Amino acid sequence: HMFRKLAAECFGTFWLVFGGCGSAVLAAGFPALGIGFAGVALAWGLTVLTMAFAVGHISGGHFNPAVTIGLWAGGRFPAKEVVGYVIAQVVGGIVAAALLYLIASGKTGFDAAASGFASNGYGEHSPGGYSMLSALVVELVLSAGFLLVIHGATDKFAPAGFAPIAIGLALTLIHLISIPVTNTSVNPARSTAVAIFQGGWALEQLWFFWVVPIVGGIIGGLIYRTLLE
């Protein structure tokens, strides 16, 4: 049933934004004991590992408009189901961002706009001061690579069952490399969710984190489909 797959994609994407962004906003910078980028990166991949095992057998477990569209371009997913996944994914992420904003507001001094609310940005809004070109190349390469890993790990001849470990851990890796550059998107639903609550520059740069992750995912699906499969 399409409706359960959509529900799976919705809950899945909530889990991803709530855990990934949640761990950044609530836990990364906690004084002395905070989890850092490494811990945020771990949380990211675990959201996908845990939900891909929980609901992958229902929707395919994309939880990411760049995954859905890259699987489309890779010949693994039908055109007709794409938009519904992307919508489910966005809604899921917004609901998680909203519950997170509520949780974060329960601590004195919380300020979504000034902290950035874990939004992805480049230039002045890159966590490490990286240029827009730096942001483009990193997001493109890692979106491509994420898709190449998803395609291959779910290949016919790939050992059955492990895809959720491969894919989720691939997202940890992605974050271990790129947080300093863009705060790591590779996911338009993820960038949209928190940008809405950040409410300023995150909305002005949001288009970047629709365009680049998607193109990158497309490229990754094409590489697998035409050169590897």
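In case it trips you up, residue 1 is the first one in the sequence shown, and so on.
Mean CA temperature factor from the deposited coordinates, higher in 17 to 25 or in 204 to 212?
Mean B over CA atoms: larger for 204 to 212.
Mean CA B-factor: is it higher for 178 to 186 or for 58 to 66?
Stretch with the higher mean C-alpha B-factor: 58 to 66.
Reading the B-factor column of the entry, which of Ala118, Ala158, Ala135, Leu142 has the highest value at its C-alpha atom?
The C-alpha B-factor peaks, among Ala118, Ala158, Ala135, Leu142, at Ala158.
Would you check the entry's CA temperature factor for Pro78 and let me know if it's in the chain's lowest, middle or highest third?
Its C-alpha B-factor belongs to the highest third of this chain's values.
In terms of the chain's CA B-factor thirds, is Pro127 lowest, middle or highest?
It belongs to the lowest third of the chain when residues are ordered by C-alpha B-factor.
Among the modelled residues of its chain, does the C-alpha B-factor of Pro31 lie in the lowest, middle or highest third?
For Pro31, whose C-alpha B-factor we compare with every modelled residue in the chain, the answer is the middle third.
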